[PDB]
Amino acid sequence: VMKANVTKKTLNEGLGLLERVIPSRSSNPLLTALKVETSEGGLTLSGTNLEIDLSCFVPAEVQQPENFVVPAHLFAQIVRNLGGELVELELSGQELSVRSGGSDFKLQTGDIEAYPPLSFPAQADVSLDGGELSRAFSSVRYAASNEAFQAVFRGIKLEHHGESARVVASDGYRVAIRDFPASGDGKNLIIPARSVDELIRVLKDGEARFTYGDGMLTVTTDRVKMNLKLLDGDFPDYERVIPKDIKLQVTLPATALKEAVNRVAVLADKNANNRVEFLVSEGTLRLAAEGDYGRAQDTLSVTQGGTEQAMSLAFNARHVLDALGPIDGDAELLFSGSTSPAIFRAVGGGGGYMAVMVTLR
């Protein structure tokens, strides 16, 4: 019979990744299954949620390899709860045995013949660092909206520029951009935002390889392969909504600003777009909000420069916090005018991140 010896730690890692993708509930009885393919070198764990496919390799010693399906979440739970560090798998008839020390678990297996063949192409069309790509994704993802009229804005654009690459998200008004190092000569892609979320969960430091397909992308890392759909169309010209006529620059500690926006926003009305006023004057930034319960003000010392010495602006506090999220150390706020867009970034644009914010009307 088929028998495999595998490390619990490694099997846990793979199953943890797959259980977050595979649905726990479905009217399709096989959609909740994990497919396990065995060969000499180890186990390949795979599944789908119909928007992405995921495969993870787990090194193992296997005899008499055979493929099977089991309920993904139950199997992950059983393995997690096992006491020992080394796991024995055995497949006999329609029963998977999962053993470690005094523990002996049996799972009924499913209809492997009815589970779809999942194919992951390998051609290394582009290569970049997965950690760089993941942190870039995480820095811009908030700006994409599934509800935008333009379908393209529901995804994240990836651009290649030789020695570097860029990811961009937007709703047509706010924009988030992060530039990062790339081994870079590839094509522009638009990745669905929910697929970026899955990518973030699997990418680690080290090389990530892209294989281009027809309306799809395959991303391969150390041990993981993921299929995802790509959006059609050209991402819009976001450069046009980035302000270049800056009148006022304010520099201040990022953490103080985040904590000040957070605390003041509690008194903004439940829905007047979480309104927060920014008043720059005399080397200070005052934040103000007001609603039915009361009113809040917080005042911060800042360094200010430019052709205006004072400015009053209104922003969605939640969007402010979204935009500031990736900024650490000191923030630089660049204002084009009291009712026109602003840029938030780290000092000098260091790290490659930039947010464009619109004011409330």
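Numbering starts at 1 and runs along the sequence shown.
> Return whichever of 274-282 and 120-128 has the greater mean Cα B factor according to the PDB record.
The entry gives the higher C-alpha B-factor average to 120-128.
> Going by the mean C-alpha B-factor recorded in the entry, which is higher: 204-212 or 283-291?
The stretch with the larger mean CA B-factor is 204-212.
> Among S336, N49, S46, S26, where is the Cα B factor highest in this entry?
That would be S26, according to the entry.
> Tell me, please, which of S183, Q77, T109, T251 has the highest C-alpha B factor according to the deposited entry?
Highest CA B-factor of the listed options: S183.
> Please place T38 in the lowest, middle or highest third of its chain by C-alpha B factor as given in the entry.
As the PDB entry reports it, the C-alpha B-factor of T38 lands in the highest third of its chain.
> How does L360 rank on Cα B-factor within its chain, lowest, middle or highest third?
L360: CA B-factor falls in the highest third of its chain.
> In terms of the CA temperature factor given in the entry, to which third of its chain does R223 belong: lowest, middle or highest?
Tercile = highest for this residue's CA B-factor.
> Mind checking which third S134 falls in for C-alpha B-factor across the chain?
Middle third.
> For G16, return the chain-relative third of its C-alpha B-factor as stated in the PDB record: lowest, middle or highest.
CA B-factor rank for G16: middle third.
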